[PDB]
Amino acid sequence: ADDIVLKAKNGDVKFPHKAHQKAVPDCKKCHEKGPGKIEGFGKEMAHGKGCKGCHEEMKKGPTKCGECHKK
Ligand code: HEC
Ligand code: HEC
Ligand code: HEC
Ligand SMILES: C[C@H](CCC(=O)O)[C@H]1CC[C@H]2[C@@H]3CC[C@@H]4C[C@H](O)CC[C@]4(C)[C@H]3C[C@H](O)[C@]12C
């Protein structure tokens with residue numbers, strides 16, 4: 001399957017899966033979540049534990065606005 005781009009208005013956000021499969025061997029951090037996670041995602045999650053917060057906790061991954069968002 002292909003990577004996905006989140007169409008944030010301030011700039012597309014790429015999500016590269018291969019880098020996540022390799023760096024986050026705890027696949028249940030994202031997979032096998034109960035129902036609601038597709039509908040639940042949005043800006044609050046992305047700037048929180050959905051994206052940025054995990055990077056902050058794992059001490060690796062982009063944490064600045066222009067590292068995630070790129071037109
Ligand atoms: C959240 C940060 C995730 C982590 C950690 C892992 N995966 Fe994942 N996976 C996630 C997304 C949003 C998607 C779909 C979008 C995409 O970019 O592909 C996937 C997809 C998969 C698939 C399909 C990949 C493909 O067919 O090319 C598989 C089999 C899957 N993911 C496996 C998987 C494994 C085993 C993980 C841990 C080592 C892993 N993922 C972590 C989000 C995230
Ligand atoms: C932990 C459970 C994570 C979640 C949820 C998300 N990401 Fe992540 N990301 C994680 C790690 C530990 C890393 C390091 C990968 C590396 O080897 O450098 C990253 C990295 C990225 C990258 C940069 C990838 C690269 O090859 O340099 C990007 C662009 C990225 N992550 C984006 C991203 C977004 C948009 C997320 C939510 C949709 C997301 N990450 C979730 C750990 C975790
Ligand atoms: C990657 C880990 C991110 C970092 C660092 C920042 N943002 Fe972000 N933001 C991210 C995602 C995945 C999303 C899309 C959410 C979704 O609904 O899919 C966003 C969203 C925003 C938005 C809202 C855009 C819209 O609703 O169309 C804005 C205005 C935004 N982000 C701004 C922003 C700024 C200024 C940041 C630095 C302070 C920043 N983001 C960091 C992913 C990431
Ligand atoms: C559930 C995990 C981890 C965050 C958390 O614990 O909530 C998060 C991390 C990244 C999230 C995905 C980002 C890309 C997609 C954003 C869409 O708008 C909703 C579906 C997708 C496929 C999201 C589904 C789910 O919300 C995920 C896989």
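Structure determination for this PDB entry is given in the record as X-ray crystallography, at a resolution of 1.45 Å.

The next thing to look at is the site of ligand 1. Lining the immediate surroundings of ligand 1 are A1, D2, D3, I4, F15, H17, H20, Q21, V24, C27, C30 and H31. Side-chain polar atom of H31 to a nitrogen atom of ligand 1: 2.8 Å apart, as the coordinates give it. When residues of the shell around ligand 1 are assigned to their parent elements, the largest contribution, three residues, is made by helix α1 (residues 17-23). Grouping the amino acids of the shell around ligand 1 by side-chain chemistry returns six nonpolar, four polar and two charged.

Next up on the list: the UniProt feature "binding site: heme c 2" (unreviewed entry) in the protein chain. Here the UniProt-annotated "binding site: heme c 2" (unreviewed entry) positions come out as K9, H47, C65, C68 and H69. Relative to the assigned elements, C68 resides in helix α5 (residues 65-68). Ignoring sequence-local partners within four residues, the contact set of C68 consists of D12, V13, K14 and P62.

Protein ligation of the iron atom of ligand 3 involves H47 (NE2) and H69 (NE2), the donor distances falling in the range 2.0 Å. Metal-centred angles of 87 to 180° between the six donor atoms at the iron atom of ligand 3 mark the site as octahedral. Of this pair, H47 sits in helix α3 (residues 43-47) while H69 sits in the segment after α5, and the two are 22 residues apart along the sequence.

Summarising the metal site, the iron atom of ligand 1 is bound by the protein donors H17 (NE2) and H31 (NE2), whose distances to it range over 2.0 Å. Considering all six donor atoms around the iron atom of ligand 1, angles at the metal cover 87 to 178° and the coordination shape is octahedral. Here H31 lies in the loop between α1 and α2 (37-40) and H17 lies in helix α1, a separation of 14 residues in the sequence. Among the residues examined, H17 registers a relative accessible area of 29% and is labelled partly exposed.

So, how was this worked out
Residues numbered from 1 in each chain as written, not as in the entry; some residues may be left out. Chains lettered and ligands numbered in written order. Heavy atoms only, no water. Residues with missing side-chain atoms left out of burial classes, pairs and counts. Near = heavy atom within 4 Å. Polar contact = N/O pair within 3.5 Å; in protein donor to acceptor, adjacent residues only side chain to side chain. Helix = DSSP H or I, 4+ residues; strand = E, 2+ residues; numbered from the N terminus. Nonpolar A, V, L, I, M, F, W, Y, C, P; charged D, E, K, R; others polar. UniProt positions renumbered as here; feature names shortened; annotations may be inferred. Contact = heavy atoms within 4.5 Å. Donors = N, O, S within 2.8 Å, 3.2 Å for Na, K, Ca; no water. Tetrahedral: all angles 85-135°; square planar, octahedral: opposite > 155°, others 65-115°. Buried < 20%, exposed > 50% of the residue type's maximum accessible area, 1.4 Å probe, protein only.

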